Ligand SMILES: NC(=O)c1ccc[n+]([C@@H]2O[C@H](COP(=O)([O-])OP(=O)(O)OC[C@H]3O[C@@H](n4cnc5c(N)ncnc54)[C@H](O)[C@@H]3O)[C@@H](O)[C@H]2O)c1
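A lone chain, given as C-alpha cells: the form deposited without the named molecule.
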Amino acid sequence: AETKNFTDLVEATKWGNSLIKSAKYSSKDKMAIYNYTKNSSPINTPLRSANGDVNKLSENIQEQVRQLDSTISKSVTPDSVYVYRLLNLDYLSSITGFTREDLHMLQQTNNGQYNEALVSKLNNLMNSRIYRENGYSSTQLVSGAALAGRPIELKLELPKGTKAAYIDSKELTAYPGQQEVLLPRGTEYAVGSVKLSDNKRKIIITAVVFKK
C-alpha cells in the first residue's frame, strides 16, 4: 500500500488520533508517556549505558522501562509512514571516518549552505549502514512542527504494522504541537542516502526502520 507522508498538521493529527484510539491507553499509559516527554534523560542515559539490558537498571527505571515498552506496544502503524527527527550536527560526531575536522568544516557553511563534497562524504560513510538507538526514539509526523530549524533531518520510513505511539494529545505530552511519534527502545534504521535539502541549508538522511 502507499507510504504516508504528512505536511498538513490537520491530516497528521487525524491519522495520529487513529493510533491513539487503537491503543486504549490507561491512566498509567498516559502518565508514562507524559513523564517521558518532560524528562527523558533519567531513562535515556542508563539505557544507553546498559546497551539496552533492562536488568542492569535501577529498580525505578526498570519499572518505567517495562511500562513505556508496554505503552508503545499498544499501537502499531496502520500504514507505512515517514517520521522525522531534527538533529544538531553533533549527531555526526560518532560516524566512523567523518573526522572532527570534517565536522568543523561542515559547520563552516557558505551563508548557511553546506559543502556538497562533505555531504557526499557523509553519504559515502553512512549509506547501507544500520544505526541503533538503545534509548527510545522521539520523532514527528510533520518535520519541524513546533520546533526551530536544525541542520539535519533524519527521515525515517516506518514499516506498516510496526510498534509506534502517537502522542500529540494534551494529556500525553509536555510539548504539544510537535506531532510526536514515540518509537520503541532499540530502534534500528538502515540509511539509504544522505542528501542536501532544497536550499542546501539542510542535510537529509533518509533511512528505513526495521519492524518491531
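For clarity, a rigid core is taken as the largest C-alpha set superposing within 1.5 Å between two forms. Shifts are known only where both forms have a C-alpha. In this text, residue numbers run from 1 along the sequence as written.
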Legend entry - Average Cα temperature factor in the PDB entry - higher stretch of 68-76, 95-103: 95-103
Legend entry - Between 111-119 and 135-143 (mean CA B-factor, as deposited), the higher: 111-119
Legend entry - Most elevated Cα B-factor in the entry, residues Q178, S40, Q62, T173: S40
Inset, instruction - For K4, return the chain-relative third of its C-alpha B-factor as stated in the PDB record: lowest, middle or highest. - result: middle
Legend entry - Lowest, middle or highest third - CA B-factor, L47: middle
Inset, instruction - Divide the modelled residues of the chain into thirds by Cα B-factor and specify which third, lowest, middle or highest, holds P184. - result: lowest
Inset, instruction - Please rank the C-alpha B-factors of the chain's modelled residues and tell me whether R150 sits in the lowest, middle or highest third. - result: highest
Inset, instruction - Check where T162 lands among this chain's C-alpha B-factors and tell me if it's the lowest, middle or highest third. - result: lowest
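Beyond the structure shown, there is the form deposited with the named molecule bound, which is absent from this document and is the topic of what follows.
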Legend entry - Placed ligand check: the named molecule in the deposited bound form, overlay by site C-alphas, backbone/C-beta within 2.4 Å: open
Legend entry - Answer range among 156-164, 22-30, 57-65, 41-49 for contact with the named molecule, defined in the deposited bound form as heavy atoms within 4.5 Å: 41-49
Legend entry - the named molecule contact at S80 in the deposited bound form, heavy atom, 4.5 Å: no
Legend entry - 4.5 angstroms heavy atom contact with the named molecule in the deposited bound form for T71: no
Legend entry - Contact flag, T109 vs the named molecule in the deposited bound form, heavy atom cut 4.5 Å: no
Inset, instruction - Report yes if any heavy atom of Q178 sits within 4.5 Å of a heavy atom of the named molecule in the deposited bound form; otherwise report no. - result: yes
Legend entry - Complete contact of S120, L125 and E188 with the named molecule in the deposited bound form (any heavy atom, 4.5 Å): no
Legend entry - the named molecule in the deposited bound form - contacting residues of 60-89, heavy atom within 4.5 Å: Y84, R85, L86, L87, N88
Legend entry - Rigid-core frame, C-alpha of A146, shift of 2 angstroms or more between the shown form and the other one: yes
Inset, instruction - With the rigid core held as the fitting reference, name the runs of three or more adjacent residues whose C-alpha atoms all move by 2 angstroms or more between the shown form and the other one. - result: 146-148
